[PDB]
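Step one of this worksheet: look at the structure below.
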Amino acid sequence: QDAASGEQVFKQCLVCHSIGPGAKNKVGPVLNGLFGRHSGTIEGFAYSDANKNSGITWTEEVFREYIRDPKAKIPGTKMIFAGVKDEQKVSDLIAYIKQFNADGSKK
Ligand code: HEC
């Protein structure tokens, strides 16, 4: 779906997470270069065992399921959020993010 739209839905994400350039960790790990990266991999982030010992590897398909309801895919994770149980939204989320990658740029 669409990114311009998806930027809106990340608003409820930015509260704890960063993206783009000069993105530094916060209550949660920066979401730069998310797709492909290994779960609990970004450094300077005190991941939970649950997150980092999962072996997830964040592909669009598992994020799609995660975001829907976190506690169910990484049961016991530190991310206390009742997901994006909203299908239009999730798709645009996965458009905006995918757009940054690694150091916050376009690809
Ligand atoms: C504050 C309450 C948060 C909101 C709102 C969102 N996220 Fe989050 N996220 C938060 C924490 C504390 C953590 C760490 C979990 C742990 O157990 O260590 C996370 C983690 C993620 C991850 C995992 C990343 C990795 O490198 O493994 C992802 C993919 C993620 N968060 C995505 C995400 C998105 C897209 C959100 C908007 C809908 C979102 N989170 C909300 C804190 C918070």
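Naming scheme: A, B, ... for chains in displayed order of the structure tokens; residues 1 onward per chain; ligands 1 onward as shown.
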### Task
Please identify the residues whose atoms come within 6 Å of ligand 1, using only C-alpha atoms and all ligand atoms, and report them as a PyMOL selection string.
chain A and resi 10+12-13+15-16+27-29+39-42+47-48+50-51+77-81
Take the residues that were just selected and, keeping C-alpha atoms, output them as a PDB file, in the first residue's frame.
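Contents of the output file part05.pdb:
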```pdb
ATOM      1  CA  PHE A  10       4.335   5.303  12.566  1.00  0.00           C
ATOM      2  CA  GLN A  12       2.205   5.808  17.315  1.00  0.00           C
ATOM      3  CA  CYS A  13       5.594   4.147  16.886  1.00  0.00           C
ATOM      4  CA  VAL A  15       6.907   7.566  20.702  1.00  0.00           C
ATOM      5  CA  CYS A  16       9.401   4.776  21.489  1.00  0.00           C
ATOM      6  CA  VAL A  27      12.572   3.150  24.837  1.00  0.00           C
ATOM      7  CA  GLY A  28      12.847   0.873  21.773  1.00  0.00           C
ATOM      8  CA  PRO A  29      15.351   0.011  19.018  1.00  0.00           C
ATOM      9  CA  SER A  39      15.733 -10.181  15.756  1.00  0.00           C
ATOM     10  CA  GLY A  40      17.267  -8.484  18.780  1.00  0.00           C
ATOM     11  CA  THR A  41      20.294  -7.543  16.649  1.00  0.00           C
ATOM     12  CA  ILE A  42      20.666  -3.734  16.776  1.00  0.00           C
ATOM     13  CA  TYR A  47      16.763  -6.465  24.300  1.00  0.00           C
ATOM     14  CA  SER A  48      14.701  -8.873  26.298  1.00  0.00           C
ATOM     15  CA  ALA A  50      12.311 -13.260  24.576  1.00  0.00           C
ATOM     16  CA  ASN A  51      13.042 -10.902  21.693  1.00  0.00           C
ATOM     17  CA  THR A  77       8.468  -9.098  25.076  1.00  0.00           C
ATOM     18  CA  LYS A  78       9.225  -5.667  26.491  1.00  0.00           C
ATOM     19  CA  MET A  79       7.116  -3.936  23.769  1.00  0.00           C
ATOM     20  CA  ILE A  80       3.795  -3.386  25.594  1.00  0.00           C
ATOM     21  CA  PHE A  81       1.490  -2.604  22.732  1.00  0.00           C
TER      22      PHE A  81
END
```
#### Entry: Spatial neighbours of residue A:83, 7 Å, only C-alpha atoms, chain gap at least 5 places, as an MDAnalysis selection string
chainID A and resid 67:70
Keeping N, CA and C atoms, export the residues of the selection given above as a compact mmCIF listing (two decimals), in the first residue's frame.
```txt
# COMPACT_ATOMS: atom_id res chain seq x y z
N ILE A 67 3.22 -7.29 14.49
CA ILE A 67 2.49 -6.02 14.64
C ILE A 67 1.02 -6.19 14.93
N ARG A 68 0.42 -7.20 14.32
CA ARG A 68 -1.00 -7.53 14.51
C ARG A 68 -1.18 -7.72 16.02
N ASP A 69 -0.33 -8.49 16.64
CA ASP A 69 -0.38 -8.74 18.08
C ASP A 69 0.96 -9.28 18.62
N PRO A 70 1.81 -8.35 19.03
CA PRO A 70 3.13 -8.64 19.56
C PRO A 70 3.23 -9.77 20.56
```
### Task
Just the residues within 8 Å of residue A:4, please, counting only C-alpha atoms, with nothing from its chain fewer than 3 positions along; format it as a PyMOL selection string.
chain A and resi 7-8+96
Write a file of the just-selected residues containing N, CA and C atoms, as an mmCIF file, in the first residue's frame.
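Dumped to result03.cif:
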```cif
data_model
loop_
_atom_site.group_PDB
_atom_site.id
_atom_site.type_symbol
_atom_site.label_atom_id
_atom_site.label_comp_id
_atom_site.auth_asym_id
_atom_site.auth_seq_id
_atom_site.Cartn_x
_atom_site.Cartn_y
_atom_site.Cartn_z
ATOM 1 N N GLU A 7 3.246 6.881 7.021
ATOM 2 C CA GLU A 7 4.057 7.737 7.898
ATOM 3 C C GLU A 7 3.214 8.159 9.097
ATOM 4 N N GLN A 8 1.940 8.252 8.798
ATOM 5 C CA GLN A 8 0.975 8.645 9.839
ATOM 6 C C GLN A 8 0.966 7.545 10.895
ATOM 7 N N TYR A 96 6.485 2.530 4.360
ATOM 8 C CA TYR A 96 7.176 3.689 4.931
ATOM 9 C C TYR A 96 8.510 3.226 5.507
#
```
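With only C-alpha atoms as the basis for measurement, A:33 is the residue among A:76, A:33, A:44, A:55 that approaches residue A:21 most closely.
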### Query
Between A:1, A:32, A:53, A:25, which one has atoms that come closest to residue A:74, using only C-alpha atoms?
A:53
### Task
Just list the residues in chain A DSSP gives helix (DSSP H, G or I) on the backbone, as a ChimeraX atom specification.
/A:3-9,11-14,49-52,60-68,70-73,87-99
### Task
Find the residues around stretch 60-65 of chain A up to 9 Å (only C-alpha atoms counted), leave out those fewer than 2 positions away in its own chain, and share them as a ChimeraX atom specification.
/A:35-36,56-58,67-70,72-73,87,90-91,94,98
### Query
If we count only C-alpha atoms, what is near residue A:22 at a cut-off of 12 Å, once residues fewer than 6 positions away on the same chain are taken out, given as a ChimeraX atom specification?
/A:30-32,102-105
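The residue that comes closest to residue A:43, out of A:59, A:99, A:26, A:92 and on the basis of only C-alpha atoms, is A:26.
Proximity of A:18, A:88, A:5, A:54 to residue A:101, computed with only C-alpha atoms, is greatest for A:18.
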### Message
Just to confirm, what's the straight-line distance from atom CA of residue A:93 to atom CA of residue A:24 in Å (one decimal)?
### Response
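Separation of atom CA of residue A:93 and atom CA of residue A:24: 20.0 Å.
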